[PDB]
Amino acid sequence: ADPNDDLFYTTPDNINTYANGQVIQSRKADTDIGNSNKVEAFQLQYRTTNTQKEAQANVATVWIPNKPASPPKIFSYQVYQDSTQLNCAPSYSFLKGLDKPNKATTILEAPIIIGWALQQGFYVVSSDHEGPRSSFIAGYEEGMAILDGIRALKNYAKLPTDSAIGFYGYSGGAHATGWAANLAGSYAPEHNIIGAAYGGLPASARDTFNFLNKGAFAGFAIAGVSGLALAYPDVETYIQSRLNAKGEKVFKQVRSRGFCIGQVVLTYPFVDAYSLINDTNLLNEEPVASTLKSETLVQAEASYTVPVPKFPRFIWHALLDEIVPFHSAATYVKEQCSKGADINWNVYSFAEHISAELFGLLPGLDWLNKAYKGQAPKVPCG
């Protein structure tokens, strides 16, 4: 079934009676990656918490290795869903078959990365990090969803509380991983996190919007505004109020069934987001402006004290990334390092956004493999 027509994606009336990370129900998942590793896969419906601190149900996908490594180890993989529609969700995208509207996102690196993890006997989880509202780039939603998805896996597989946890994500998936890292200490302190490897980090929603708007990848700017609006009802109300006729069409379109990563990129090249409104001060009015100061990891922009995770991290970026700005990510790392972070920082001089994904894969994985053994290299931060 399409997720829009599936009760497994709905929040039951009694959602408040389940704790964060708790499994409401589970079902067998017929996935490509599980079928190709000859492994049992499952969908978990689990309780989590949304941006306004309200209970909601969410879906994650989990793969159980046939020969679990001992002691138990967990691997959390974040997809670059990059879209604001529910049938683009990773869960649905992982299910057997070509014919998923956001298939592109679960079909290139995911099979290698998840296969890699499974071969070494790790438990794997990939959460629907955007949640039931498909709130692309809403960091508090993404962070909590992912940390609760890891909780749901531990619960389901009856794994020790201190089971070592590692993360991988690129671009959209790096925003997601970065926010799980950001919130881990305060929201899920029981997670024993031994490392997170992530690249092409969109550190600042505002900076990434300005870097993308009017460019070839302007679609993702549109999707990001769509996504924030879905996490923040006051922002939805404000944004809807400014949309002109063209803007109303675009925001329906970008939220429509099957409108996923390929549609996003190929429908909106060189679009100017401001042409969808009569409000060239869009980003500079309430509630948008203060929302953006919450939705950044850059302390010099933020309205809160940005957390500084101390566990090993491996972060990489293309110097000439044409999609997600290098400088915001470099600024984040420098800031984090000045406050005692452990960041193994890799600047790829020879790559742009898409090839940085390709060239950071093996370095990221090799490092995470070391981290799981307590062998992450002690290197100067940044």
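Numbers for residues come from their place in the sequence shown, where the first is 1.
Engineer: Highest mean C-alpha temperature factor of the two stretches 298-306 and 80-88, which is it?
Structural biologist: Averaged over C-alpha atoms, the B-factors run higher in 298-306.
Engineer: State which stretch shows the higher mean Cα B factor in the entry: 244-252 or 183-191.
Structural biologist: Stretch with the higher mean C-alpha B-factor: 244-252.
Engineer: Based on the PDB record, which member of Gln45, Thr48, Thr61, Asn346 exhibits the highest Cα temperature factor?
Structural biologist: If I rank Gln45, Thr48, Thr61, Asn346 by C-alpha B-factor, first place goes to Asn346.
Engineer: Choose from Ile107, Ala221, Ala197, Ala231 the residue with the greatest Cα B-factor as stated in the PDB record.
Structural biologist: The listed residue with the largest C-alpha B-factor is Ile107.
Engineer: Going by what the PDB entry lists, where does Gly227 fall on CA B-factor within its chain: lowest, middle or highest third?
Structural biologist: Ranked within chain, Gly227 CA B lands in the lowest tercile.
Engineer: What third of the chain does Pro111 rank in for C-alpha temperature factor, lowest, middle or highest?
Structural biologist: Highest third of the chain for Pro111's C-alpha B-factor.
Engineer: Tell me, lowest, middle or highest third: where does the Cα B factor of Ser93 rank within its chain?
Structural biologist: According to the entry, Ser93 has a C-alpha B-factor in the chain's middle third.
Engineer: Taking the values exactly as deposited, rank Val324 by C-alpha B-factor within its chain and report the matching third: lowest, middle or highest.
Structural biologist: Lowest third.
Engineer: Rank-wise, by C-alpha B-factor, drop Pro269 into the lowest, middle or highest third of its chain.
Structural biologist: Tercile = middle for this residue's CA B-factor.
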